[PDB]
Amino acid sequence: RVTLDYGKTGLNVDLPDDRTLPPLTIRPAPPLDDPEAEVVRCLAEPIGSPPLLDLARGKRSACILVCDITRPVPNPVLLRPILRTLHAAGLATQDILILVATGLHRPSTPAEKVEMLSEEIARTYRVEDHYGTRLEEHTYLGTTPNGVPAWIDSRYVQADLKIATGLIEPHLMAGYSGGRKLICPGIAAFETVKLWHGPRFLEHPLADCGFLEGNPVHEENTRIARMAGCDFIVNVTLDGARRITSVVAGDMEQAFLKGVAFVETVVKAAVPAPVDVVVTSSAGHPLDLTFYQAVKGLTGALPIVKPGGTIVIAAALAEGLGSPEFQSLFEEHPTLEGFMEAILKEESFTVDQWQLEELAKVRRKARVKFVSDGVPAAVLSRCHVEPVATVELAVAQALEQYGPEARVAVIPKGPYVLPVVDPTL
């Protein structure tokens, strides 16, 4: 018996005893007893930065970037100390903007702003959303040597003091989330993101979970973020129960890399050899709201599935498939092969196509069985996955085609684990 992450509830699955490896879980590092007190200490003694109070001296306006609903950042724990420090430094609440770094996601709703930020903060401060398809809300900062133009939200570019908050987790394109990613793509225009999420970047072998050095995705969003600037970040790591296990604050690159150095010591979980069947999740609520995000559980399982093996994923999909643009791609391209022909041979850019490109990467290696009660089976069957009524049935089906020596690996927390093959085991 194992509980997979699944919406707000989890999902209790019973897996075959003689076939299943010990579940892959991150290492049990100690939660911080008092994370808010730790944030306070880190703002007074940051990495590679003057203390926040001293940075904020004389500043007339501030813009604080926060993640949208898809990241479970405990924002009030980070924001209350920042906002106290800005108040102490003399900035009026009217001089402070909280900007939701949607990337190209839909804007957050009023209720989502309350769940992300707490009612007190959502009712007191101006909280606005980034709109990546509105180029008029962005400022041009230059073009990188790779030819990517940097278009960044003007409210951030024009603020005297620039602050970004976030969460360091594995990411299927950028290696790890956090740090610089709040700027690119968090508040970058489609004119920037369509090229940075284009196939010339995403087909690179190191554009994958856990890779930073040598990953052109990470090299390029670090460069773009530095053309905008960021005076101060606060980033956290979370364990499986969503408790904070580390806080880093300070310089956007040095604090990020310190956070990554810690998370690398807990997120890796190894198997002795790749397996025929991998059971995984999409990390539950809030990540698993849409099929668009649930592709992350599929790419996360790739390193430990055998070529031609099967990934079984459970995801609640409470909000359905994803954006209208994403959904239109399934109608426009009934096969992944035709989709890939379209985007590889010409400069063809549709909002959200990058997650269809990641799904194509998955299906070149593995079959997918998808368990969800959030989208009807008829819809999922046109999304290049096989809907199956239950995880236990999906595993039994997969074990039938692979035979008596086939083994099952299970990753209850899905893409928040970095599964690896270690032959020395």
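When you see a residue number, it is the position in the sequence shown, counting from 1.
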property: Stretch with the greater mean C-alpha B-factor as recorded in the entry, comparing 379 to 387 against 62 to 70; result: 379 to 387
property: Segment of higher mean CA temperature factor, 326 to 334 or 288 to 296; result: 326 to 334
property: Selection by C-alpha B-factor (highest) of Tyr140, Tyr125, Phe201, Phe190; result: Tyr125
property: Highest-ranked of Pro107, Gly210, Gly90, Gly178 once sorted by CA temperature factor in the record; result: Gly90
property: Third assignment of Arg27 from its chain's C-alpha B-factors; result: highest
property: Assigned third (lowest, middle, highest) for the C-alpha B factor of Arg364; result: highest
property: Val77 - which third its CA temperature factor falls in, relative to the rest of the chain; result: middle
property: Third of the chain, ranked by Cα B-factor, where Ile411 sits; result: lowest
property: Within-chain third of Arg155 by Cα B-factor, per the entry; result: middle
